[PDB]
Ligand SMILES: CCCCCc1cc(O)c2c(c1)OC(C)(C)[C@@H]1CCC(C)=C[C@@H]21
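Quick setup: one chain, the form solved without the named molecule, written in structure tokens, and binding and motion questions come after.
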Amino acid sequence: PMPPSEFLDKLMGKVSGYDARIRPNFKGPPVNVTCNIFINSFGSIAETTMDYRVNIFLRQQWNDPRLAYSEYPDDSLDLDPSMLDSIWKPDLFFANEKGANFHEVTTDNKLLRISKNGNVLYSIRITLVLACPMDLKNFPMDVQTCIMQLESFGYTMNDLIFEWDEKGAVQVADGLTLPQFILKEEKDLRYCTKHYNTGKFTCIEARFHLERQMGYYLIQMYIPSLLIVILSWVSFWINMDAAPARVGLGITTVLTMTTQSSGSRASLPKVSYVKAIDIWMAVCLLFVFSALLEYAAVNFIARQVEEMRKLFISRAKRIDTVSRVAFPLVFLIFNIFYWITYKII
């Protein structure tokens, strides 16, 4: 029979000389560790901090020949997660953690099973707040590439090597969605081998190609800033010569743009370059700034003979018949050159 109480201690403890402080295949080749991650929760992709919180099941597989068993009849032993403090485990860390933690609610969220030949499957639940540097040039239409790279902190490349396994290195939960992005399906899997003045260390990362749902920004930034571009066109059809209302209408619209432009970047890092939403909020700040300046020409020109008196006002109304149509052709010639530049990535 060989009950399971004795078999457990006969594999880890003083008998058989298992020493969890000494890696497998000592004084031999490296310990080929194949990895893959399941993603439960993805999101909270902040940009004030330029990080993102993920929740994964880190699986790992290596081969420890000291963990070989033939006395037992079946082909696997999913064991107590309290066993994990007794076997060797690779010292994987996330080279851009910025804060990570296990989960220990009602039990350690850990798994451990050991095939007959000695293979190990070590799945643990982790929450990471990974650091990815956002490139925000073409901001509302950007395609971020946030990474997560799994280094080794203490074993060099000739003692512990990581790998992704061939059959589906990165799964995703069945209905996993994001509030603002959409995780594209192709997930890169490339090496990131590290060299320090201590030596070289195994590294393997997995690129995630995020992508913004532009829909939210077509409802708060673009449309609400395309109306005020139209109110600045209201300052033309009124009285045809002059009034304090045109200056009033002009001054107010320039007020909203200044306030609305500031609120546009209210929740972004203070990057030192001009991003895509800036030139929009800058061009719409001209066509409002031009109307209030356009009136300054006519009212100045109007307050400036026997027969030239009638033609004198034609010097002004000839403007308002051009400005009233010159603007809505330039804003539409710009607005088509804009979206073709960013929808062409």
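Numbering starts at 1 and follows the sequence shown.
Below, we turn to the form deposited with the named molecule bound, even though it does not appear here.
Among residues of the shown chain, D51 is not one whose heavy atoms approach the named molecule to within 4.5 Å in the entry with it bound. In the entry with it bound, at least one heavy atom of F327 sits within 4.5 Å of the named molecule.
The named molecule in the entry with it bound is not approached by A20, whose heavy atoms all lie more than 4.5 angstroms from it. Not displayed here, the named molecule is kept clear of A302 by more than 4.5 Å at the level of heavy atoms in the entry with it bound.
Residues with any non-hydrogen atom within 4.5 angstroms of the named molecule in the entry with it bound fall in just one of 286-294, 66-74, 305-313, 41-49: 286-294. Along 294-324, residues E294, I319, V322 each place a heavy atom within 4.5 Å of the named molecule in the entry with it bound.
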